[PDB]
$ cat entry02.txt   # compact mmCIF, C-alpha atoms (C1' of nucleotides)
# COMPACT_ATOMS: atom_id res chain seq x y z
CA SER N 387 -19.65 -7.83 50.28
CA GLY N 388 -19.67 -10.84 52.70
CA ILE N 389 -20.56 -13.35 49.89
CA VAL N 390 -16.99 -13.70 48.50
CA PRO N 391 -16.95 -14.65 44.75
CA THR N 392 -16.24 -18.26 43.63
CA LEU N 393 -14.28 -19.12 40.45
CA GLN N 394 -16.22 -21.16 37.85
CA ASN N 395 -13.56 -21.50 35.07
CA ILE N 396 -9.87 -20.51 34.59
CA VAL N 397 -8.56 -20.56 30.96
CA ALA N 398 -4.82 -20.67 30.10
CA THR N 399 -2.19 -21.23 27.36
CA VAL N 400 1.41 -22.55 26.99
CA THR N 401 3.99 -22.51 24.16
CA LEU N 402 6.03 -25.69 23.38
CA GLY N 403 8.95 -23.96 21.51
CA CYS N 404 9.11 -26.61 18.71
CA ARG N 405 6.72 -27.05 15.71
CA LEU N 406 5.35 -30.65 15.78
CA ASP N 407 3.27 -33.18 13.82
CA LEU N 408 -0.24 -33.02 15.32
CA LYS N 409 -1.12 -36.38 13.61
CA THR N 410 1.77 -38.07 15.52
CA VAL N 411 0.52 -36.43 18.78
CA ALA N 412 -3.06 -37.72 18.07
CA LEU N 413 -1.80 -41.39 18.04
CA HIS N 414 -0.96 -41.89 21.79
CA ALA N 415 -3.27 -39.73 24.01
CA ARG N 416 -5.88 -41.93 25.84
CA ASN N 417 -8.62 -39.28 25.32
CA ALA N 418 -8.66 -37.47 21.91
CA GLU N 419 -11.17 -35.96 19.41
CA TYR N 420 -9.93 -34.67 15.98
CA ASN N 421 -11.39 -34.38 12.42
CA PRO N 422 -10.04 -32.01 9.65
CA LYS N 423 -13.59 -32.06 8.07
CA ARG N 424 -14.64 -29.69 10.97
CA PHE N 425 -11.36 -28.51 12.67
CA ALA N 426 -7.54 -29.13 12.38
CA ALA N 427 -6.76 -29.78 16.12
CA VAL N 428 -7.08 -32.42 18.94
CA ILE N 429 -9.44 -31.85 21.91
CA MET N 430 -7.88 -33.61 24.93
CA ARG N 431 -9.70 -33.90 28.33
CA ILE N 432 -8.14 -35.48 31.49
CA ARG N 433 -9.55 -37.00 34.75
CA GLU N 434 -7.65 -35.06 37.47
CA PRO N 435 -7.70 -32.06 37.49
CA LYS N 436 -10.93 -32.16 35.36
CA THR N 437 -9.54 -29.95 32.49
CA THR N 438 -10.17 -29.94 28.77
CA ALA N 439 -7.15 -29.06 26.56
CA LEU N 440 -6.19 -28.28 22.94
CA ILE N 441 -2.88 -28.61 20.96
CA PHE N 442 -1.69 -26.85 17.74
CA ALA N 443 0.97 -28.09 15.23
CA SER N 444 2.73 -24.64 15.46
CA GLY N 445 3.89 -25.59 19.03
CA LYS N 446 1.16 -24.03 21.30
CA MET N 447 -1.61 -25.38 23.63
CA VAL N 448 -4.74 -24.14 25.50
CA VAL N 449 -6.30 -25.48 28.77
CA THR N 450 -9.93 -24.96 29.96
CA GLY N 451 -12.21 -26.09 32.85
CA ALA N 452 -9.58 -25.48 35.59
CA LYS N 453 -11.15 -24.81 39.08
CA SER N 454 -7.89 -23.35 40.56
CA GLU N 455 -4.77 -21.40 39.62
CA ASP N 456 -2.90 -24.63 40.61
CA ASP N 457 -4.90 -26.81 38.18
CA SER N 458 -4.02 -24.47 35.26
CA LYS N 459 -0.21 -24.93 35.60
CA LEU N 460 -0.36 -28.58 36.81
CA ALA N 461 -2.63 -29.70 33.92
CA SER N 462 -0.53 -27.71 31.36
CA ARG N 463 2.66 -29.40 32.73
CA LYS N 464 1.03 -32.91 32.58
CA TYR N 465 -0.15 -32.31 28.96
CA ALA N 466 3.40 -31.09 28.11
CA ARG N 467 4.89 -34.26 29.79
CA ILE N 468 2.64 -36.48 27.58
CA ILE N 469 4.01 -34.59 24.50
CA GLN N 470 7.61 -35.11 25.87
CA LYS N 471 6.86 -38.91 26.11
CA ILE N 472 5.96 -38.60 22.36
CA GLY N 473 8.79 -37.81 19.79
CA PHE N 474 8.93 -33.96 20.47
CA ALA N 475 11.07 -31.63 22.69
CA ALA N 476 8.05 -29.57 23.96
CA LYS N 477 9.94 -26.81 25.91
CA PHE N 478 7.35 -25.48 28.43
CA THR N 479 7.23 -21.69 27.73
CA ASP N 480 4.94 -18.57 27.81
CA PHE N 481 2.55 -19.87 30.58
CA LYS N 482 -0.36 -17.35 30.94
CA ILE N 483 -4.04 -17.16 32.06
CA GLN N 484 -5.86 -15.22 29.28
CA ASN N 485 -9.29 -15.15 31.10
CA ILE N 486 -10.97 -15.93 34.48
CA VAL N 487 -14.75 -16.52 35.00
CA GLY N 488 -16.26 -16.07 38.52
CA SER N 489 -19.69 -15.62 40.18
CA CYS N 490 -21.43 -14.37 43.37
CA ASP N 491 -24.97 -13.77 44.78
CA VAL N 492 -26.13 -10.67 46.76
CA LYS N 493 -29.46 -12.38 47.86
CA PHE N 494 -31.67 -9.41 46.80
CA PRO N 495 -33.33 -8.75 43.37
CA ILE N 496 -31.92 -6.08 40.94
CA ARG N 497 -33.90 -3.52 38.82
CA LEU N 498 -31.71 -3.73 35.68
CA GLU N 499 -33.54 -0.71 34.08
CA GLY N 500 -32.60 1.51 37.10
CA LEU N 501 -28.97 0.27 36.92
CA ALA N 502 -28.82 0.88 33.12
CA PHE N 503 -30.49 4.35 33.41
CA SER N 504 -28.28 5.66 36.29
CA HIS N 505 -24.96 4.01 35.17
CA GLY N 506 -25.48 4.12 31.34
CA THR N 507 -21.81 5.28 30.95
CA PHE N 508 -20.71 1.67 31.82
CA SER N 509 -23.99 -0.36 31.63
CA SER N 510 -25.56 -1.84 28.46
CA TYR N 511 -29.09 -3.30 28.51
CA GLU N 512 -30.55 -4.27 25.11
CA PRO N 513 -34.26 -5.09 24.38
CA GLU N 514 -34.95 -8.37 26.30
CA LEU N 515 -33.89 -11.04 23.70
CA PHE N 516 -31.66 -12.06 26.69
CA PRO N 517 -32.66 -11.31 30.37
CA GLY N 518 -29.27 -10.19 31.89
CA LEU N 519 -27.59 -6.73 31.86
CA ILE N 520 -23.85 -6.22 31.02
CA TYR N 521 -21.41 -3.78 32.71
CA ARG N 522 -18.01 -2.51 31.41
CA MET N 523 -15.75 -1.70 34.41
CA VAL N 524 -12.75 0.39 33.14
CA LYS N 525 -10.32 0.63 36.16
CA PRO N 526 -9.47 -2.15 36.89
CA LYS N 527 -10.80 -3.63 33.57
CA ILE N 528 -13.60 -6.24 34.29
CA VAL N 529 -16.85 -7.24 32.48
CA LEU N 530 -19.79 -8.01 34.82
CA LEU N 531 -23.14 -9.72 33.99
CA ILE N 532 -26.06 -8.68 36.27
CA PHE N 533 -29.26 -10.81 36.71
CA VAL N 534 -32.68 -9.87 38.26
CA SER N 535 -32.38 -12.72 40.88
CA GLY N 536 -29.23 -11.18 42.55
CA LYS N 537 -26.79 -13.69 40.88
CA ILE N 538 -23.74 -11.92 39.34
CA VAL N 539 -20.99 -13.15 36.90
CA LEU N 540 -17.51 -11.56 36.35
CA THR N 541 -15.03 -12.06 33.44
CA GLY N 542 -12.12 -10.54 31.41
CA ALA N 543 -9.75 -10.70 34.45
CA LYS N 544 -6.31 -12.43 34.75
CA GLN N 545 -5.35 -11.57 38.40
CA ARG N 546 -7.37 -13.04 41.37
CA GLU N 547 -7.61 -9.79 43.42
CA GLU N 548 -9.36 -7.76 40.66
CA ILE N 549 -12.41 -10.16 40.57
CA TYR N 550 -12.99 -9.55 44.34
CA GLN N 551 -12.30 -5.78 43.92
CA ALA N 552 -14.88 -5.57 41.06
CA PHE N 553 -17.56 -7.33 43.19
CA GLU N 554 -16.74 -5.03 46.17
CA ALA N 555 -16.86 -1.96 43.84
CA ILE N 556 -20.41 -2.79 42.51
CA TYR N 557 -21.92 -4.16 45.81
CA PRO N 558 -22.69 -0.57 47.11
CA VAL N 559 -24.32 0.23 43.70
CA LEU N 560 -26.46 -2.96 43.74
CA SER N 561 -27.40 -2.24 47.40
CA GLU N 562 -28.80 1.22 46.43
CA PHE N 563 -31.33 -0.50 44.05
CA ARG N 564 -33.35 -1.89 47.06
CA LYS N 565 -36.87 -1.33 48.55
CA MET N 566 -38.82 -2.05 51.79
CA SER N 576 -23.70 -9.21 55.25
CA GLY N 577 -22.52 -5.79 53.89
CA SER N 578 -18.92 -6.12 55.33
CA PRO N 579 -15.98 -7.63 53.29
CA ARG N 580 -13.75 -8.14 56.47
CA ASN N 581 -10.72 -7.57 54.13
CA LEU N 582 -10.33 -6.72 50.37
CA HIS N 583 -8.78 -10.20 49.68
CA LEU N 584 -8.70 -12.73 52.61
CA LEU N 585 -7.12 -15.58 50.54
CA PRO N 586 -3.40 -15.97 49.45
CA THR N 587 -2.24 -14.28 46.16
CA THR N 588 -2.19 -16.06 42.72
CA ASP N 589 1.66 -16.25 42.86
CA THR N 590 1.62 -17.98 46.31
CA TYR N 591 -0.76 -20.61 44.81
CA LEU N 592 1.12 -21.08 41.47
CA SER N 593 4.51 -21.41 43.32
CA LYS N 594 3.22 -24.74 44.85
CA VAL N 595 3.46 -26.27 41.30
CA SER N 596 6.90 -26.96 39.70
CA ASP N 597 7.95 -23.78 37.79
CA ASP N 598 11.31 -24.93 36.26
CA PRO N 599 10.74 -26.51 32.75
CA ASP N 600 13.30 -29.27 33.61
CA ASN N 601 10.83 -30.49 36.33
CA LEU N 602 8.72 -32.47 33.78
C1' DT Q 1 -33.09 -26.50 23.07
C1' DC Q 2 -32.34 -21.06 21.72
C1' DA Q 3 -31.45 -15.97 24.05
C1' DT Q 4 -26.26 -12.88 26.00
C1' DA Q 5 -20.85 -12.18 27.98
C1' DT Q 6 -15.43 -13.70 27.06
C1' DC Q 7 -11.11 -15.57 25.09
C1' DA Q 8 -7.40 -18.57 23.04
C1' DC Q 9 -7.33 -19.57 18.06
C1' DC Q 10 -6.74 -21.11 12.28
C1' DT Q 11 -8.81 -22.00 8.76
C1' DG Q 12 -12.43 -21.00 5.80
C1' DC Q 13 -16.18 -18.57 3.28
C1' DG Q 14 -17.28 -14.77 0.38
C1' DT Q 15 -17.39 -10.94 1.29
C1' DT Q 16 -16.45 -5.72 0.61
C1' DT Q 17 -13.20 -1.35 -1.32
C1' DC Q 18 -9.54 0.98 -5.13
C1' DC Q 19 -7.18 -1.03 -9.42
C1' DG Q 20 -7.62 -3.47 -14.07
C1' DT Q 21 -9.86 -4.82 -18.02
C1' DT Q 22 -12.37 -4.17 -22.75
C1' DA Q 23 -12.92 -0.39 -25.75
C1' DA Q 24 -14.93 4.81 -26.32
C1' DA Q 25 -14.09 10.12 -28.42
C1' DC Q 26 -10.79 12.94 -28.75
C1' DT Q 27 -5.63 13.60 -28.82
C1' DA Q 28 -0.04 14.25 -30.46
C1' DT Q 29 2.90 13.47 -33.36
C1' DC Q 30 5.11 11.84 -37.67
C1' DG Q 31 5.19 8.78 -42.39
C1' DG Q 32 3.85 7.16 -47.42
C1' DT Q 33 3.15 10.03 -50.79
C1' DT Q 34 1.75 14.20 -53.14
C1' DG Q 35 3.84 18.93 -55.69
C1' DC Q 36 7.25 22.00 -56.06
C1' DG Q 37 12.64 24.37 -57.48
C1' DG Q 38 18.68 24.72 -56.40
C1' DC Q 39 23.49 23.91 -58.86
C1' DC Q 40 25.67 23.54 -62.86
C1' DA Q 41 26.31 22.35 -67.88
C1' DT Q 42 26.17 24.48 -72.70
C1' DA Q 43 26.47 27.98 -76.90
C1' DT Q 44 25.86 32.36 -77.33
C1' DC Q 45 26.19 37.50 -76.35
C1' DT Q 46 28.44 40.89 -74.04
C1' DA Q 47 31.53 44.37 -70.80
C1' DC Q 48 35.96 45.99 -70.08
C1' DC Q 49 40.37 46.22 -72.00
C1' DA Q 50 45.10 46.86 -74.76
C1' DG Q 51 47.74 47.30 -78.88
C1' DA Q 52 48.80 49.48 -84.08
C1' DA Q 53 48.79 52.14 -87.61
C1' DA Q 54 47.83 56.42 -87.92
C1' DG Q 55 46.00 61.38 -86.01
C1' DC Q 56 47.36 65.80 -84.23
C1' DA Q 57 48.63 68.61 -81.41
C1' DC Q 58 52.48 71.14 -78.43
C1' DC Q 59 56.65 73.18 -79.65
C1' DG Q 60 60.93 76.14 -81.44
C1' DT Q 61 64.60 76.31 -84.99
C1' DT Q 62 64.44 78.65 -88.98
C1' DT Q 63 64.50 83.13 -91.76
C1' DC Q 64 61.61 86.16 -93.76
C1' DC Q 65 59.09 89.69 -92.37
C1' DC Q 66 57.57 94.07 -88.33
$ encode --input "entry02.txt" --output "structure tokens"
Amino acid sequence: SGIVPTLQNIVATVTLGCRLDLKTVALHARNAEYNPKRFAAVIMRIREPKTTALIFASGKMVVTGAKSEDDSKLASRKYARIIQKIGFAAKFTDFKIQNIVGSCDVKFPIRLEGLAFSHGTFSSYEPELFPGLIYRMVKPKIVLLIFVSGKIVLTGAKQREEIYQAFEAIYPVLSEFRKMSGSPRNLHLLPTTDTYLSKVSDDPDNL
DNA sequence: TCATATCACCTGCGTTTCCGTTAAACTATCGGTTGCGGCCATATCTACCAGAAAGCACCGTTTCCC
């Protein structure tokens, strides 16, 4: 419970309001990869923040590799500004984080068979083609990947607090699977997602 | 470089289920052609009928007879 989870990847999307010519967009970006022989879209990485991004002719975009809530909106706004420099209106709309990926380490090894046998209502553990166990948390809804080393991965979340709540909910379970710190201090010590996102310009006129 | 989880996608392959196709035995009329019979025309035979010249009966004035 003392080893607070770290975010590894935040993935988001934004609507542009207007349908646009993706070939025209592909002409001016300083990083771009695109070939209709394999896929009909441009892959578009940037230096700072270190995000990858994607654009669709229908007037929608996706952003990946964000380290913070801030990076997600700030990168999306900078990609939209590049499209506004180009011959399109690109009205920044529908900003959302569809998935969050985080990880933590309890520093003790886990008997995945014991976890799967006792919590089989939520746990799945297939024959060992892959070494890690998977867990389906239903309230709040989170997917957790459990490894024998004590390393843990969390995904399927969209709100920051639920990743820390899911870790805190399974830490007592993991701690029971032991043989021969445990205090969270608070459920969420850091500021909320909204108090982070509000540092970035929200108004679409603030290009 | 293979072995899991999760999401945007969109475009693509070629899949996967009830309907459509070529053509069946058995089905429901309905048509090109078969044979079978009414109305109406004709020359002849007939039923129902009246009219004439002639019958014939009811009747009583006559007169001969009770």
$ closest_atom_pairs --input "entry02.txt" --of "chain N" --to "chain Q" --cutoff "10 Å" --atoms "all atoms listed in the file" --output "tab-separated table"
residue	atom	partner	partner_atom	distance
N:397	CA	Q:7	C1'	8.1
N:398	CA	Q:8	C1'	7.8
N:399	CA	Q:8	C1'	7.3
N:424	CA	Q:11	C1'	9.9
N:425	CA	Q:11	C1'	8.0
N:426	CA	Q:10	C1'	8.1
N:427	CA	Q:10	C1'	9.5
N:440	CA	Q:8	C1'	9.8
N:442	CA	Q:9	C1'	9.2
N:447	CA	Q:8	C1'	9.0
N:448	CA	Q:8	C1'	6.6
N:449	CA	Q:8	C1'	9.0
N:450	CA	Q:8	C1'	9.8
N:483	CA	Q:8	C1'	9.7
N:484	CA	Q:7	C1'	6.7
N:485	CA	Q:7	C1'	6.3
N:486	CA	Q:6	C1'	8.9
N:487	CA	Q:6	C1'	8.5
N:512	CA	Q:4	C1'	9.7
N:514	CA	Q:3	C1'	8.7
N:515	CA	Q:3	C1'	5.5
N:516	CA	Q:3	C1'	4.7
N:517	CA	Q:4	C1'	7.9
N:518	CA	Q:4	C1'	7.1
N:519	CA	Q:4	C1'	8.6
N:520	CA	Q:5	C1'	7.3
N:521	CA	Q:5	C1'	9.7
N:529	CA	Q:5	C1'	7.8
N:530	CA	Q:5	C1'	8.1
N:531	CA	Q:5	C1'	6.9
N:539	CA	Q:5	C1'	9.0
N:540	CA	Q:5	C1'	9.0
N:541	CA	Q:6	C1'	6.6
N:542	CA	Q:6	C1'	6.3
N:543	CA	Q:6	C1'	9.8
$ atom_distance --input "entry02.txt" --atom1 "atom CA of residue N:509" --atom2 "atom CA of residue N:580"
28.0 Å
$ atom_distance --input "entry02.txt" --atom1 "atom CA of residue N:598" --atom2 "atom CA of residue N:465"
15.5 Å
$ residues_around --input "entry02.txt" --residues "residue N:456" --least-positions-apart "6" --cutoff "8 Å" --atoms "all atoms listed in the file" --output "list in words"
residues 591, 592, 594 and 595 of chain N
$ residues_around --input "entry02.txt" --residues "residue N:537" --least-positions-apart "3" --cutoff "9 Å" --atoms "only C-alpha atoms (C1' of nucleotides)" --output "ChimeraX atom specification"
/N:489-495,531-534
$ atom_distance --input "entry02.txt" --atom1 "atom CA of residue N:436" --atom2 "atom CA of residue N:600"
24.5 Å
$ closest_residue --input "entry02.txt" --among "N:412, N:432, N:404, N:441" --to "residue N:460" --atoms "only C-alpha atoms"
N:432
$ residues_around --input "entry02.txt" --residues "residue N:408" --least-positions-apart "2" --cutoff "6 Å" --atoms "only C-alpha atoms (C1' of nucleotides)" --output "list in words"
residues 410, 411 and 443 of chain N
$ residues_around --input "entry02.txt" --residues "residue N:471" --least-positions-apart "3" --cutoff "12 Å" --atoms "all atoms listed in the file" --output "ChimeraX atom specification"
/N:410-411,414-415,464-468,474-476,602
$ residues_around --input "entry02.txt" --residues "residue N:445" --least-positions-apart "5" --cutoff "8 Å" --atoms "only C-alpha atoms (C1' of nucleotides)" --output "PyMOL selection string"
chain N and resi 401-406+476
$ closest_residue --input "entry02.txt" --among "N:546, N:423, N:564, N:409" --to "residue N:472" --atoms "all atoms listed in the file"
N:409
